[PDB]
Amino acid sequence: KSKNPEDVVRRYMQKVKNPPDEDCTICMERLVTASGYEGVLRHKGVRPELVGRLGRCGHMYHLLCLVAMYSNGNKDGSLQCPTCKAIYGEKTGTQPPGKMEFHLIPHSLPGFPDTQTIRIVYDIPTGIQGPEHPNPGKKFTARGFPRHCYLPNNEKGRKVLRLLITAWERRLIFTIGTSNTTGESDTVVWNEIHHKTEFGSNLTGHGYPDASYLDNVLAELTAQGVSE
């Protein structure tokens, strides 16, 4: 679905014909007068007097104000109510094309005796940045692929796997930007969902044992809108 500010906001806002004489808590003008936003998106945009009720919570704003607020964020397809902090829509990312594969291997991770291991492989080729990327039309590099990572095959690890698959489909596992490890720009980097790439030790900090990891990555997934 379109992630553009006007389309996203219009998707979740229900028109109010007779708004009350109360403050829009985005622009702090009354809902019965024009939006206080005067930036570039007002020109030939949403009529400034239009007011809507947002999503399930029903909080009311000038439509133009929520368009501006959404535009000043990540524009990831999710829309947060500034009053009650409920989030509407599905957060998706800018991960480029590639493949995600997984299967079981007959080896136990440190701290998970008597288990098999879910081995996940991500493979992302180089390509051309799209309009969603920092430098559209410029090449992006993809270093160190295929990238292997590991989860124990237990109840919680399988839950994490299910959610990682969802995050992958929502283009949230990788992004295009600058590597904090190499300094290279215009390159495919891990996003904000940590993966364990070191199997039998934790000298890198990205390995095992780590008794907190599964709960930590579940929290990271929830923060990116990926929950069960």
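Each residue number is its position in the shown sequence, starting from 1.
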Avg C-alpha B-factor, entry values, 180 to 188 vs 25 to 33, higher side is 180 to 188
Mean C-alpha B-factor higher for 15 to 23, or for 206 to 214?
15 to 23
Checking the entry, which one of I193, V46, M60, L161 has the top C-alpha B factor?
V46
Which is it among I165, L54, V40, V51: the one with the largest CA B-factor in the entry?
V40
Where does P96 sit by CA temperature factor within its chain: lowest, middle or highest third?
middle
Should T115 be placed in the lowest, middle or highest third of its chain by the C-alpha B factor in the entry?
middle
Mind checking which third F102 falls in for C-alpha B-factor across the chain?
lowest
According to the PDB entry, is the CA B factor of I87 in the bottom, middle or top third of its chain, that is, lowest, middle or highest?
lowest
Lowest, middle or highest third: where is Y122 by Cα B-factor in its chain?
middle
